[PDB]
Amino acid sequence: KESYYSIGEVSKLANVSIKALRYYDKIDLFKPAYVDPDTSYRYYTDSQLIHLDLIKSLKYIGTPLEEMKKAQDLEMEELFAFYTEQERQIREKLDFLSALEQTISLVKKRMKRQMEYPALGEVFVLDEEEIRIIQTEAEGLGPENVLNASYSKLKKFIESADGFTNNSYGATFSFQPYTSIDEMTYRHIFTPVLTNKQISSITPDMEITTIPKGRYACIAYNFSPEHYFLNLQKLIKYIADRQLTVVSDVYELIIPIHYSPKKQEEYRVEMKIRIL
């Protein structure tokens, strides 16, 4: 009333740290009514305390300080609108988070499917849900010369729309009595798509399609070069043996087991193909 609060007294009173008050002073956001000209001590009036209501509420909303100065000024009608602004900045973040949560939940669903493989290196025929994908012509690439850079573009499209990177790298090819890896080419390469955020500015050299619901002969294993062809060969036999009728390319997918560079590179591979 007829004396000043000292910075401590205010901080205790306002639930705002002493160092915060100095900062708000420094940046001319909230400043001592008085400053002792000899002790540099900061003194505060009871009535000026009200300005903190705004500063604190805003801070809690996460409005940045420089923005708060602009806000101090407005009278209610104008400050109402400011609030709407935050409200719409907040609906934005939520939308982005709900999206994010749904994505993770899917990435986790795809991951579970992996560690719940029925067995490795053995051929299992299973009933599968469809996996939306985007893909591009493999332009004379096969298993032998295909690089990560090959996927630069697909990834760039899925990143813009999903913000997550495909954990996994796919290619497809013709099911054929292959006698040598030497003699395979990929028809397409591709990656799976996770969200249904309409993908911006997609180009006519990318096709969006899916690996369709249906019965599949799969085999999966942890990659090493020797095994690659031989597992494929196993599949081929599996189908021939059962006189089974194939109805798609062979799809393959490659997933890293880890991303550490302190450990040896390791991948899970899975090969599948649709059958009647």
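Just count from 1 along the sequence shown to find any residue number.
Higher mean CA B-factor, judged across 69-77 and 186-194 from the recorded values: 69-77. For the pair 55-63 and 36-44, the mean B factor over Cα atoms is greater in 36-44. Ranking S200, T172, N148, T136 by Cα temperature factor from the entry places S200 first.
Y178: CA B factor lies in the lowest third for its chain, per the PDB record.
Remark: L126 belongs to the highest third of its chain, ranked by C-alpha B-factor as recorded. Among all modelled residues in this chain, the alpha-carbon of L141 has a temperature factor (C-alpha) in the middle third. Sort the modelled residues of the chain by CA B factor and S152 lands in the lowest third. Looking at the C-alpha B-factors along this chain, the one for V269 belongs to the lowest third.
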